[PDB]
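Just the one chain here, the form deposited in one PDB entry, laid out as structure tokens.
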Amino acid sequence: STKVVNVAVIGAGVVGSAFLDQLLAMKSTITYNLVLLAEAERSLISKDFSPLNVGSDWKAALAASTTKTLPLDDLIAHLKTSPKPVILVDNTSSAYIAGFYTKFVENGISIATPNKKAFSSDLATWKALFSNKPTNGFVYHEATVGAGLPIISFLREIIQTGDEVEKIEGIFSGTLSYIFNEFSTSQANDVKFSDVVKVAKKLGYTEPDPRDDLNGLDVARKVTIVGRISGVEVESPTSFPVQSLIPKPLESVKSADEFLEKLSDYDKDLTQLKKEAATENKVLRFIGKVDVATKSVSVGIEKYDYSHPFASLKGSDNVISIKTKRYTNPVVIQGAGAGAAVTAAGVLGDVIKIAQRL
């Protein structure tokens, strides 16, 4: 519905710029007018709400802008006056922006985003975002868990029709999936955890500092989200057991490059844990888990039989196994769970779901 929608983009980084390219080249019966292109420093803004005149080369326009990005209270005071429904696309991982979601929604502005923040913080924030009071903006966050795979929309659809989630488990980290798919295979191999890690870092399958992947916070925020969708009132990303791969108190002691070279000093444990699993004919994988019956959520290493689909993941795919009252046999979804184009497409897909809803 509404043949004309205004899109307000925040974020022009790795995911953000692919998103912009996809949004600006998309052909549809619905007209999507870009009215904001904000970055940390500069920002493009249509005071008019008419489409920003950038053709398909927004980078030169943005680079040439000396207008400072508006503080969110100012941005909303402006966007709320749009003559057509507005959709905020938050392509950042900003706590600051996330902190403003509720005010966006309350001002009738919808949100499409991969930012996990607002969905993995306060439990009241969460409820406020999905209240759907009249005229308030709709909030879509498909890309928060599983990038562009059809996961969250599928869960929400299912729950709406009356189905009930009972158990979920999955590998929601592309970096950790890669590491384990390499570190623990069916074939017995004496590969060290430290070697795989720094190898992953060199190939670039890691955040600049691998510790931002090994701590499990990323996977913990995603399970917080999936758990709450499943009806488990998870308090926070740290209110349940989250097994960190960062070697014990030798953690918040080091500093980047130090951590890496210092890591090899612990391959002992994982080598022996992997061995015991190779005894029980299982492999090690890093998972996120939800159990609604027991209202128990968790993150960490778990063993999986060689037959299990988790042991045959290709590359660094993500996977979610979903058991509900109706799907007694698991619904299993695999595929890239990260990557610029695929993640931006999931966000774009969310923009399309909102555009038809408005």
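The term rigid core refers to the most C-alpha atoms you can superpose between the two forms while keeping them within 1.5 Å. The first residue of the shown sequence is 1; numbering continues from there.
Check: Should the higher mean CA B-factor in the entry be assigned to 237-245 or to 101-109?
Finding: Higher mean C-alpha B-factor in the PDB entry: 237-245.
Notebook entry, point to check: Averaged over C-alpha atoms, is the B-factor higher for 338-346 or for 20-28 in this PDB entry?
Noted result: Mean C-alpha B-factor is greater for 20-28.
Next item on the list: From the list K59, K314, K323, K289, select the residue with the highest C-alpha B factor recorded in the entry.
Entry: Largest recorded C-alpha B-factor: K314.
Notebook entry, point to check: Which of these, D213, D73, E261, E157, has its C-alpha atom at the highest B-factor, as the entry lists it?
Noted result: Most elevated C-alpha B-factor of the set, per the entry: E261.
Note to self: Where does the C-alpha B-factor of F193 rank in its chain, lowest, middle or highest third?
What the structure shows: According to the entry, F193 has a C-alpha B-factor in the chain's highest third.
Check: What third of the chain, by the recorded C-alpha B-factor, contains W126?
Finding: Answer is middle: the recorded C-alpha B-factor places it there.
Margin query: Considering every modelled residue of the chain and its Cα B-factor in the PDB entry, is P208 in the lowest, middle or highest third?
Written below: Answer is highest: the recorded C-alpha B-factor places it there.
Item checked: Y327 by Cα B-factor - lowest, middle or highest third of the modelled chain -> Its C-alpha B-factor, which the entry lists for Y327, ranks in the lowest third among residues of this chain.
Notebook entry, point to check: Of the three thirds of its chain by CA temperature factor, lowest, middle or highest, which one includes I151?
Noted result: It belongs to the lowest third of the chain when residues are ordered by C-alpha B-factor.
One more form of this protein, deposited in another entry, exists but is not displayed; see below.
Note to self: Superposing the core, which one of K254, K198, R156, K167 shows a C-alpha shift reaching 2 Å or more between this form and the one not shown?
What the structure shows: With the rigid core fitted, the residue that moves is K254.
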